[PDB]
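**Student:** Chains as they are written, first to last, in PDB author numbering: chain J, 27 to 214; chain H, 34 to 95, 98 to 436, 446 to 492; chain I, 28 to 196; chain G, 18 to 537.
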Amino acid sequence: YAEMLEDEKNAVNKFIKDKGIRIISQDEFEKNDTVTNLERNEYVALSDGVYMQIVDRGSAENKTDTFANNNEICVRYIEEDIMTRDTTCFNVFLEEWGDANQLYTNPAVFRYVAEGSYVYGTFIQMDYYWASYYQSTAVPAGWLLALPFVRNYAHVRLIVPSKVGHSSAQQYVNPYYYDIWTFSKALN
Amino acid sequence: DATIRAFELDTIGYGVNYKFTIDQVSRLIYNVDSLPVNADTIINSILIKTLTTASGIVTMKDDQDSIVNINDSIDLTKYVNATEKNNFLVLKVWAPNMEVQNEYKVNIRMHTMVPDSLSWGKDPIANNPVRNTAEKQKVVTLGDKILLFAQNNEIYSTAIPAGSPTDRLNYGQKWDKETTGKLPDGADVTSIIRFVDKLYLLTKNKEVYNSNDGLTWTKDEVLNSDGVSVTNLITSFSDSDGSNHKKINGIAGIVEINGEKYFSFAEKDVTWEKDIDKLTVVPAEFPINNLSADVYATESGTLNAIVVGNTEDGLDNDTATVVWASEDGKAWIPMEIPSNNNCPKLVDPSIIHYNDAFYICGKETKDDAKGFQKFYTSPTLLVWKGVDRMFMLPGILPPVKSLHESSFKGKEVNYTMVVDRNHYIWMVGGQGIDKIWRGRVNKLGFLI
Amino acid sequence: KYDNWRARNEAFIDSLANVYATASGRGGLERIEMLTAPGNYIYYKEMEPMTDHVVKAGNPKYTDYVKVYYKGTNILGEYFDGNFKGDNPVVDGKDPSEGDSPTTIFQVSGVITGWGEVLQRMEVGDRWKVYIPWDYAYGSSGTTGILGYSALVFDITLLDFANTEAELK
Amino acid sequence: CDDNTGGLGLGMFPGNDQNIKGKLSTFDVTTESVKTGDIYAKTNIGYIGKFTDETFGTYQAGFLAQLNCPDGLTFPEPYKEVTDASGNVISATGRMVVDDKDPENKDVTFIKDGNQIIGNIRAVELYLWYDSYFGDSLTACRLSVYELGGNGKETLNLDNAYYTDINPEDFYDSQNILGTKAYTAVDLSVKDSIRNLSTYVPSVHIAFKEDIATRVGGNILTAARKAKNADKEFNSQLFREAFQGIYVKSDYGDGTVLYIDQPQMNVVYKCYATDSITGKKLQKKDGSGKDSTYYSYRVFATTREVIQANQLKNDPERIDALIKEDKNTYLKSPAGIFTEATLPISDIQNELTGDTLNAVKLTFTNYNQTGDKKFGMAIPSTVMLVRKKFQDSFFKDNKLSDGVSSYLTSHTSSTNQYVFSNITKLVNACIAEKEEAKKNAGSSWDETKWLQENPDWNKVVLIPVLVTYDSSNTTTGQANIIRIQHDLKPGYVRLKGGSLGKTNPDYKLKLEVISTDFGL
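#1: CB residue 538 of chain G to CB G/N433, shorter than 8 Å?
#2: Please confirm if H/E334 has its CB atom under 8 Å from at least one CB of chain G.
#3: Can you pull the chain I neighbours of G/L526, defined as C-beta to C-beta under 9 Å?
#4: List in chain order: all unbroken beta strand (DSSP E) runs of 3+ residues lying wholly within the segment 351-429 of chain H.
#5: Using beta-carbon positions only, say whether G/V51 and G/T356 come within less than 8 Å of one another.
#6: Who are the near neighbours of I/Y71 in its chain, counting only those whose CB is closer than 8 Å to its CB and skipping five residues on each side?
#7: Does any CB atom of chain I fall closer than 8 Å to the CB of H/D223?
#8: CA-CA distance, G/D487 and G/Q502?
#9: Where in the segment 163-240 of chain H do unbroken runs of the beta strand (DSSP E), each at least 3 residues long, occur, reported from the N-terminal end onward?
#10: Buried or exposed: G/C18, going by 16 or more other Cβ atoms within 10 Å of its Cβ?
#11: Using a Cβ-Cβ cut-off of 8 Å, state whether I/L195 counts as contacting chain H.
#12: Less than 7 Å between C-beta atoms, sequence neighbours within five positions excluded: which residues of the same chain meet that for H/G262?
#13: Taking just the CA atoms, how far does G/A496 sit from G/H428?
#14: I'd like the ranges of any beta strand (DSSP E) spanning at least 3 consecutive residues and lying wholly in the segment 87-139 of chain G.
#15: Helix, strand or coil, according to DSSP, for residue 215 of chain J in the structure here?
#16: List, in chain order, every chain G residue whose beta-carbon is nearer than 7 Å to that of H/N486.
#17: Tell me where the beta strand (DSSP E) around G/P481 begins and ends.
#18: Relative to chain I, which residues along the segment 37-66 of chain H have a C-beta separation below 8 Å, given in chain order?
#19: Assign residue 12 of chain G to buried or exposed, taking buried as 16 or more other Cβ atoms, counted over all protein chains shown, within 10 Å of its Cβ.
#20: For G/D523 and chain I, any beta-carbon pair shorter than 8 Å?
#21: Three-state secondary structure (DSSP) at G/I56?
#22: Helix, strand or coil for G/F251 per DSSP?
#23: Note down, in chain order, every chain G residue with its Cβ under 8 Å from the Cβ of I/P65.
#24: Relative to the C-alpha of G/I62, which residue among G/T47, G/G74 and G/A78 is closest?
#25: Apart from the five residues just before and just after I/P87, which ones in its own chain have a Cβ nearer than 8 Å to its Cβ?
#26: Quick one: using the 10 Å Cβ neighbour count with 16 as the cut-off for buried, is H/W307 buried or exposed?
#27: Who are the Cβ neighbours of H/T168 in its own chain at under 6 Å, not counting the five residues just before and after it?
#28: Name the residue from H/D363, H/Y244, H/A392 and H/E138 whose alpha carbon lies nearest to the alpha carbon of H/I37.
#29: So, with DSSP's three-state summary, where would you put G/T432?
#30: Closest by CA to J/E121, which one among G/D463, G/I128 and G/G89?
#31: Taking its Cβ as the centre, do 16 or more other Cβ atoms sit within 10 Å of G/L526, making it buried, or is it exposed?
#32: Considering only the beta carbon of each residue, do G/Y509 and G/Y276 sit closer than 8 Å?
#33: For a contact defined as C-beta to C-beta under 8 Å, what are the partners of J/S210 on chain G?
#34: What is the DSSP secondary structure of H/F123, counted as helix, strand or coil?
#35: Can you name the residues of chain G whose CB is closer than 9 Å to the CB of J/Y146?
#36: Should G/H222 be labelled buried (16 or more other beta-carbon atoms within 10 Å of its own) or exposed?
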């Protein structure tokens, strides 16, 4: 197969229809102030085919400390494979693996670059699981499309197609789902 | 038509190779680092290699000039230490055109005595001069003399030669009574302490006495303040002890301010600090009697001091001889060890810093191996090991085919010790040993 | 510029060789016999001895280590390599445009035959300027930066020599 | 096939072609030592130790750190039996040992709230992991650790931290000591066979006494239970109410400075083994026995989601004295001394107007290290030159090297030089700034007034920096820079030129510029 692998849209449509999920266009997302309603399970159709839901826009009392260029951002997440419905990557605590202290003790941290074009990001510290499993330092480009829409300590959920995935998703043409429990500005 | 060289020899110990210097101007070969004493059984049939030169034809005088067996083994035991009774392995090397002619002479340098071994000799070098050897002992060095004090106002002495620890010195066989005698009333001899050029002493009534030469003693006007009272003098810090970048000069001790014990430091020619808000309290685990101390320079250029001694008569969960250190005179800190690497409980322990390591000796009380049994050593002050080999206690002889009658090993007696400025260990035994022992590790006397 | 390099370099060596044999005061030159080729000579010039000798009498051996300030130049005076670039080694140098020179460690058996012959006859703190033929330099094709068949001239200061690096560095 | 014609032809080319010349000219730069100020450190390494130097005096360091707690982390639920009407046990849930009075459970201490047992504590232990260190590695040293917070004390926050001289005595109280440990930075208590392993990372292991362990572990466990019972989740802010953090202090020892990479705390507890189907306790498989148990733990560590700070104390009088030397300038790295240079931008702007600048070279050069000390301070390997307008803003905004306002260079040990080799962009930037100021002012311009104000228009500073690279794109090697930060390990170098160059021309640097002169 060469072009047949780009049928990932069928798998994403399967993953959508398997659950209660509604699609909102960005031109509606930016006009009902800015929120994806959680009682209705809204998702925005972002650029490059990313579907994204903000669960908590973050920093609700300060409202000012948004992300920007040259920041270093800490990420905690759990990654689900779309094609076979399996938890593939994580660095967060859950009771089913509570005693595996190596997996969740340290977060992933990346530098955020936002010059006039071509936003990109590089892991400074990879988590143990990512560092052993995927062994690459390039951040999934789908994550970086969400930063301009959220603040510090935000909680977001993303569906990322292959064109903007990581170094494995781009080769084996596999979309993924990320439950980003937290974006944080890096301290110390 | 050259005579270039790379002369080499194979492993004597497993993985151990010895380097040879090549003096082409003077035409001779030798190894700078001498072969160990063990090697005279190994070089009995040994192999030469890497004897590379412009043309390999080489011969040794035998009457004939027979060719070298470069690929075959050779007995070198005839050619060791060839500088006197000179018997070099002398060999001739030819140029590729056979016109230019040269000879080189080879010397296999080998030790006559084991380097890292503590040499006590066959016998103790002198008897203990003290009358009634059951009395308390103390030994200290001052200038060019070694002094031995006894509690009954009794003093003995011996003198040291001109200098240079590497020279062929002999001393200690004769001891003299310092006939003026009369160290002060009520003194406690085991408290005697050195400073830059003076000796200090403590009495039972807690007066401090001092001397310039050990012959005569007086009270001093600077340490005997009112209000305070001294109870122990620990050690003294000075420029003479090391290389202190901290610039510390004075005496460290313990003073009982208003009935409670505090560490205090008497800086050069001024009285003890007595300000109770900025002294520190002596812990209950700290040694009380028969203290020993040493001062040395850390590799950073900063002085450090270490002490051991007898504790109070009874205290909880105590099973080991912990050593207390201090970077200055204000506060001592214990080198407590959580693991099993902690040395046993010892009675009247003594500590020294010596040949880039630390050593402790004392007598044990486990009732199945009582007495002095071995030295204990540490490379880094926080882990302690027993030495089961060289560096033994005095009187422990190797097989000449044994235990010497006046040896410390297995005895339980009073004693004292010191290290002089030629790095001789001096050990003095009381009732039950009655002798003076002297020793040094051979590696400290070598010119290398 | 670099025309007929070999002949002119050899002619330079011959000029020094016969100046030592005919000029008054030897023209300032002095010479040593070469042990790798008896009958050949290396020519050198004595210079200002140092004033901070580490008091190490004797001369270095073939298989032991050496600490030096050195500079290497070709017949035209152009730079090849060294610790210093002016006309003297720099220590506590007043001029803020030049740094104090580092010291370098060599093994007498690990250098060109000219160095290997002359270093075995210095005493610590001698300064010599030495003139070596292309037979005993790198020679033939030469190294990087050497045009082949080149007679190098070196300026050497011997600071220290020892059996191992760890007692010298 | 020839392609040269040599040089024949010049002389009949037009004047604007054959008049162009190259030229080299030099201008004078003065340099002086300046104090560091309040730098923004913000590093993840914690420095602990002390050492003495004969030139700079005593250097002492210690650090404060908060411990993290992952979202939703909890300790296993207490083991609870279920019985039918006969008293016979039928099923059970939970895993943690909860029953006292049993001589088999004298190995742990049970902890409570109200009158109910919520769990047990076996031990609490701190590991301070470190990859490397500075100085000698057989000098014995001692370290002691305190719990942060208390009655009336301050707490770490985004404004208090990242200054290298916070006074810890108002963050902690001396009576809250947790423990102490003696260490040597190479622990000869551990066998060589273990220390050679590739998986071995050194640490100081400073586990607490039973009373302290009970107090700390009970506080943490009761906070976790109090969060769980309210259907909250035990995020780090709730953990910080039970254990604020640690202060790590150096009591004794001279020579070692440890680079603590991650402080880590384990809380250890006792658990039953339970049947996979029916949940009951397993009986021991050996002879005799009463039940089967094992020990398990939860981990709390400083992981860049929480605050960590350092105290890096230089000897102030010695530093102030060395700043006042005028024959030389220093570069003492851990918040010590920088050197400031004044560029001759006005002279370049006057003398080389109409030229194309092809290179502007500035060189700093140094004396050798003194004393031949075995474990002495090293020369800073990488330094940054930055316009003084951006001295502190550069590190506070986490910028990378700009090219037009800051440069990086390595030490050239073969010549004892820092050389920057082309700073043309910075010169053009300064010239453009002044020309724009003159253009905006117009006829009311005054050159002397504008040079008397804005005195740091043409000033640059030289700073020791630590530069780190990415590792990817490895086979087609590129090695991009991803973080520049202040160098905080001990190190120094003495540079030539100095404050006396303000008056005496022997002590003044030269800046070398080469350009194309069109002869117009």
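Ideal placement from N, C-alpha and C gives every residue a C-beta, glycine not left out.
**Tutor:** Put simply:
#1: Residue coverage of chain G in this structure runs from 18 to 537, which leaves residue 538 of chain G outside it and unanswerable.
#2: In the second sequence, counting from the first residue as 1, residue 334 of chain H sits at position 299. So yes, H/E334 belongs to the interface.
#3: In the fourth sequence, the residue the question calls residue 526 of chain G occupies position 509. Those within 9 Å of G/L526 in chain I are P123 and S124.
#4: 359-361, 382-389, 392-399 and 411-413
#5: Within the fourth sequence, residue 51 of chain G is the residue found at index 34, counting from 1. Within the fourth sequence, residue 356 of chain G is the residue found at index 339, counting from 1. Closer than 8 Å, so yes.
#6: On the third sequence, residue 71 of chain I is found 44 positions in, with the first residue counted as 1. Excluding sequence neighbours, I/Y71 sits near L56, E57, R58, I59, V145, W155, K156, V157 and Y158.
#7: On the second sequence, residue 223 of chain H is found 188 positions in, with the first residue counted as 1. No, H/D223 does not count as interfacial toward chain I.
#8: In the fourth sequence, counting from the first residue as 1, residue 487 of chain G sits at position 470. In the fourth sequence, counting from the first residue as 1, residue 502 of chain G sits at position 485. Rounded to whole angstroms, G/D487 to G/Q502 spans 15 Å at the Cα level.
#9: 172-177, 180-185, 189-194, 222-229 and 234-238
#10: Position 1 of the fourth sequence, counted from the first residue, corresponds to residue 18 of chain G. Per the 10 Å Cβ criterion, exposed.
#11: To locate residue 195 of chain I, count along the third sequence from 1; it is residue 168. Chain H, which has no Cβ nearer than 8 Å to the Cβ of I/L195, makes this no.
#12: Here residue 262 of chain H is taken as the residue at index 227 of the second sequence, counted from 1. When the five nearest sequence neighbours on each side are left out, the beta carbons in the same chain lying within less than 7 Å of the beta carbon of H/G262 are those of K309, in order along the chain.
#13: Locating residue 428 of chain G in the fourth sequence gives position 411, where the first residue counts as 1. Locating residue 496 of chain G in the fourth sequence gives position 479, where the first residue counts as 1. Taking the straight line from one Cα to the other gives about 19 Å.
#14: 97-100, 106-110, 126-130 and 133-138
#15: Look at the range of chain J in this structure, 27 to 214, and you will see that residue 215 of chain J is not part of it.
#16: In the second sequence, residue 486 of chain H corresponds to position 442, counting from 1. The contacting residues do not exist; H/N486 stays about 24 Å from chain G at best.
#17: As a working mapping, residue 481 of chain G is identified with position 464 in the fourth sequence. Unbroken beta strand (DSSP E) run through G/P481: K476 to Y486.
#18: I37, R38, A39, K52, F53, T54, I55, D56, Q57, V58 and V65
#19: Residue 12 of chain G lies beyond the residue range present for chain G, which begins at 18 and ends at 537; the question has no answer from this structure.
#20: Taking the fourth sequence and counting its residues from 1, one reaches residue 523 of chain G at position 506. For G/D523, the answer is yes, since a Cβ of chain I falls inside 8 Å of its Cβ.
#21: Looking up residue 56 of chain G in the fourth sequence gives position 39. In the structure shown, G/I56 sits in coil (DSSP, three-state: anything other than H, G, I, E or B).
#22: Working through the fourth sequence from its first residue, we reach residue 251 of chain G at position 234. In this structure, G/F251 counts as coil in the three-state DSSP scheme.
#23: Numbered from 1 along the third sequence, position 38 holds the residue referred to as residue 65 of chain I. The premise fails here: I/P65 is roughly 38 Å from chain G at the closest Cβ pair, so nothing lies under 8 Å.
#24: For the purposes of this step, residue 62 of chain G is taken as residue 45 along the fourth sequence, with counting starting at 1. Closest option to G/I62, Cα to Cα, is G/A78.
#25: In the third sequence, counting from the first residue as 1, residue 87 of chain I sits at position 60. Within the same chain, I/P87 has close Cβ partners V93, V135, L146, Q147, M149, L185 and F188.
#26: Translated into the one-based positions of the second sequence, residue 307 of chain H becomes position 272. Result: buried.
#27: As a first step, residue 168 of chain H is located in the second sequence; it is residue number 133 there, counting from the start. Excluding sequence neighbours, H/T168 sits near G474, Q475 and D478.
#28: Your numbering for residue 37 of chain H matches position 4 in the second sequence. It is H/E138.
#29: Sequence index remark: in the fourth sequence, residue 432 of chain G carries index 415 (1-based). Of the three classes helix, strand and coil, the one that applies to G/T432 here is coil, per DSSP.
#30: Translated into positions along the first sequence, residue 121 of chain J becomes position 95. Closest option to J/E121, Cα to Cα, is G/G89.
#31: Numbered from 1 along the fourth sequence, position 509 holds the residue referred to as residue 526 of chain G. Label assigned to G/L526: buried.
#32: In the fourth sequence, the residue the question calls residue 509 of chain G occupies position 492. In the fourth sequence, the residue the question calls residue 276 of chain G occupies position 259. Cβ distance not < 8 Å, so G/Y509 and G/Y276 don't count as in contact.
#33: Within the first sequence, numbered from 1, the residue matching residue 210 of chain J stands at position 184. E322, listed in chain order.
#34: Locating residue 123 of chain H in the second sequence gives position 88, where the first residue counts as 1. Coil.
#35: In the first sequence, the residue the question calls residue 146 of chain J occupies position 120. Those do not exist, as J/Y146 stays about 11 Å from chain G at its closest Cβ, beyond 9 Å.
#36: Translated into positions along the fourth sequence, residue 222 of chain G becomes position 205. Under this definition G/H222 is an exposed residue.
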